[PDB]
Each structure stands twice: as structure tokens, then as C-alpha cells.
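# Coordinate analysis (summary)
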There are 4 protein chains.
Amino acid sequence: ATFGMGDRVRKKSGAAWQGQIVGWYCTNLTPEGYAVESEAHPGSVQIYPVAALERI
Amino acid sequence: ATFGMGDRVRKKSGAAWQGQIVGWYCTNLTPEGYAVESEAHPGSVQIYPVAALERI
Amino acid sequence: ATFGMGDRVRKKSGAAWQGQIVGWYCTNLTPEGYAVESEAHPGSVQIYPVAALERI
Amino acid sequence: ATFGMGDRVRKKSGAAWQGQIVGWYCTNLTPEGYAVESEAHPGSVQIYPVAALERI
């Protein structure tokens, strides 16, 4: 696992998102995915493949 | 229409979101809905029923 | 506008989605975007750039 | 944990969604949340609080 719970991450490119890792998912299309709760918008969560994200 | 393009709005309660109205949708479940581009996270857009939102 | 309200469309590639155009959005990152209500999952709506979608 | 990986679940009410549990998230607003990959739309994943979902 590239990231763990509570890591602060951001989207590398395109649509912006930044905040803490709050969860995990895996599908065939996205075998390593993460749920990220926005630091700016508490309670709002988006999910992204690991390649979309970087730790800060 | 309660809101128009470019209005600054926020979620009234629960998961937070704030930024500008960038679009519209309508379904039977949500006959008056809005797309809101985050002011904190440019490019990221979420969609909400009108009752969830308030103009600021 | 490539599509209009009620057109039946699907995602061209990656994550699947199919149903009817129910709305529109525009941002700098996505200057021509569409809200698509799933035909399989009524009430659930996802939003996509026009290039992601094709009419069927 | 109410559900486990691979359980087939659906939304109880409102916007429809159905498919398999593919992940988990937790936030203060949603201390027990699940990612559900659509069975109708492979690759598409939505996330919901546990109270929104039921196993089938």
C-alpha cells in the first residue's frame, strides 16, 4: 500500500483535490484506489486510483 | 431557477462544498439540481439538489 | 452542443456508464460537460466531459 | 463491519445503486462507509454510509 490512513495527499494533475486518506478500494480497473476527505470541505470524500495521487 | 451561473453557493449541512454554480441537471428525484465547482479545488465539480444549497 | 436533453449516451472507455443526458456543466477544465442519469440505477447521476461520451 | 468485500448490496432508498462491496472509508460524518462497484456499470464506483445500504 502506497498510502495509509491519515496521509495527506493531493491530486497530481487535472481536477484538484487535497486532504487525508480515509479509505481504500480495489476493482479490476483500479486495483489500488484511495478515498480522500477534503481538507477544505470537511465530510466530502472523493475516490481516486493511486497513480492520480501524491503524498505531501 | 433559484441560482444562476456563477453564483457562489455552499452546502447547507452535512458534507461541505463551496464554490460557483457551473451547471444544472434535472431528474425525477432531483427536478432542480446544480453542478458546483469547488473554489478550493479547481476543476472538481459536485452536483446537488437545490434544497441542499444556499447562495452566499 | 454535441448532445441534448434526453439523448441516450454511454462512456466510451474505462469506467462504464449509460443512460440519458439530464444536464450540462462547463468549467475551464471541462468546457463542455454532461450529467447522465443511469438507466440501470435510476436517480444516480454522474458527470463527464463530452469527449468521454458517445450517443447510442 | 456490517459488510465485507464482495458482498452484494443495494441502496435502500433515493438514488439507486447495486453491486459489490469493493472498499471501505471512515470519516467523522460517515464513520462506517462503503465503496460499491456497480454490477450494471463495471468500473464505476460510488461510496455510501452503511445506513444507506442493504445486503441482498
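Structure determination for this entry is recorded as X-ray crystallography, at 1.7500 Å resolution.

Looking at the PDB entry, chain A carries the name Dihydrofolate reductase type 2, with the source organism given as Escherichia coli. Listed in the archive, the entry goes by the title "Crystal structure of trimethoprim-resistant type II dihydrofolate reductase in complex with a bisbenzimidazole inhibitor". UniProt's Pathway comment on chain A is quoted here verbatim: "Cofactor biosynthesis; tetrahydrofolate biosynthesis; 5,6,7,8-tetrahydrofolate from 7,8-dihydrofolate: step 1/1." Of the comments in the UniProt record for chain A, the one headed Subunit reads "Homotetramer."

### Here we look at the UniProt feature "binding site: NADP(+)" in chain A
Residue and element names in this part refer to chain A. Within the UniProt annotation, "binding site: NADP(+)" is assigned to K11, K12, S13, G14, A15, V45, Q46, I47 and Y48. With respect to the helices, strands and loops of the structure, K12 is situated in the loop between β1 (8–11) and β2 (18–25). What makes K12 partly exposed here is its relative accessible area of 46%. For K12, the side chain forms a polar contact with the main-chain oxygen of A51, separated by 3.0 Å. Structurally, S13 can be placed in the loop between β1 and β2. With a relative accessible area of 52%, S13 lands in the exposed category.

### With respect to the relation of the copies chain A and chain B
Relative to chain B, chain A is turned by 180 degrees and slid 0.0 Å along the rotation axis, the superposed coordinates differing by an RMSD of 0.0 Å. Taken together, the rotation angle and the small translation identify this as a two-fold axis. By C-alpha distance to the rotation axis, the residue of chain A lying nearest is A40 of chain A, at 3.2 Å. In this assembly, 100% of the residues forming the interface of chain A have copies in chain B that are likewise at the interface, indicating an isologous arrangement.

### Things to note about the interface of chain A and chain B
Across the boundary between the two partners, chain A contributes 13 residues, which contact 13 residues of chain B. Buried area between chain A and chain B, summed over both chains or domains, comes out near 870 Å², and the portion from carbon and sulfur atoms is 54%. The largest per-residue losses of area from chain A upon contact with chain B belong to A16, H41 and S44 of chain A, which jointly make up 49% of the total buried on that side. Inspection of the chain A/chain B interface yields zero salt bridges. Residue composition of the side of chain A that touches chain B, grouped by class: six nonpolar, seven polar and no charged.

### Structural notes on the UniProt feature "binding site: substrate" in chain A
Feature annotation in UniProt assigns "binding site: substrate" to the following positions: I47 of chain A. Within the secondary structure, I47 of chain A sits in strand β4 (residues 45–49). Look past the residues within four positions of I47 of chain A in its chain and what remains in contact with it is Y25, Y34 and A35 of chain A together with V45 and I47 of chain D.

### Regarding the environment of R10 of chain A
All names here are of chain A. Turning to its location among the elements, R10 is positioned in strand β1. Note: C-alpha distance between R10 and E32 (22 residues apart in sequence) is 16 Å. Those residues within four positions of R10 in sequence are excluded, and the remaining contacts are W17, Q18, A52, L53, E54 and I56. Separated by 2.8 Å, the side chains of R10 and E54 make a polar contact.

### Concerning the environment of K12 of chain B
Residues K12 of chain B and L53 of chain B, spaced 41 residues apart in sequence, show a C-alpha to C-alpha distance of 5.5 Å. Once residues within four sequence positions are removed from consideration, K12 of chain B is found in contact with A51, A52, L53 and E54 of chain B.

### Brief notes about the interface of chain A and chain D
In this complex, chain A contributes twelve residues to the contact, which on the side of chain D involves twelve residues. Elements represented by at least two residues in the side of chain A that touches chain D include exactly β2, β3 (33–38) and β4 of chain A. At four residues, the largest contribution of residues to the side of chain A that touches chain D is made by β2 of chain A. Two strands pair when backbone bridges link them, and β2 of chain A and strand β2 (residues 18–25) of chain D are joined in this way by three bridges, in the antiparallel orientation. Looking at the pairing, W24 of chain A lines up with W24 of chain D of β2 of chain D.

Quick notes on the rules
- Residues numbered from 1 in each chain as written, not as in the entry; some residues may be left out.
- Chains lettered and ligands numbered in written order.
- Heavy atoms only, no water.
- Residues with missing side-chain atoms left out of burial classes, pairs and counts.
- UniProt positions renumbered as here; feature names shortened; annotations may be inferred.
- Helix = DSSP H or I, 4+ residues; strand = E, 2+ residues; numbered from the N terminus.
- Buried < 20%, exposed > 50% of the residue type's maximum accessible area, 1.4 Å probe, protein only.
- Polar contact = N/O pair within 3.5 Å; in protein donor to acceptor, adjacent residues only side chain to side chain.
- Least-squares fit on C-alpha atoms.
- Contact = heavy atoms within 4.5 Å.
- Buried area = accessible area lost by both parts, 1.4 Å probe.
- Salt bridge = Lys/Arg side-chain N within 4 Å of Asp/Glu carboxyl O.
- Nonpolar A, V, L, I, M, F, W, Y, C, P; charged D, E, K, R; others polar.
- Pairing = 2+ DSSP bridges.

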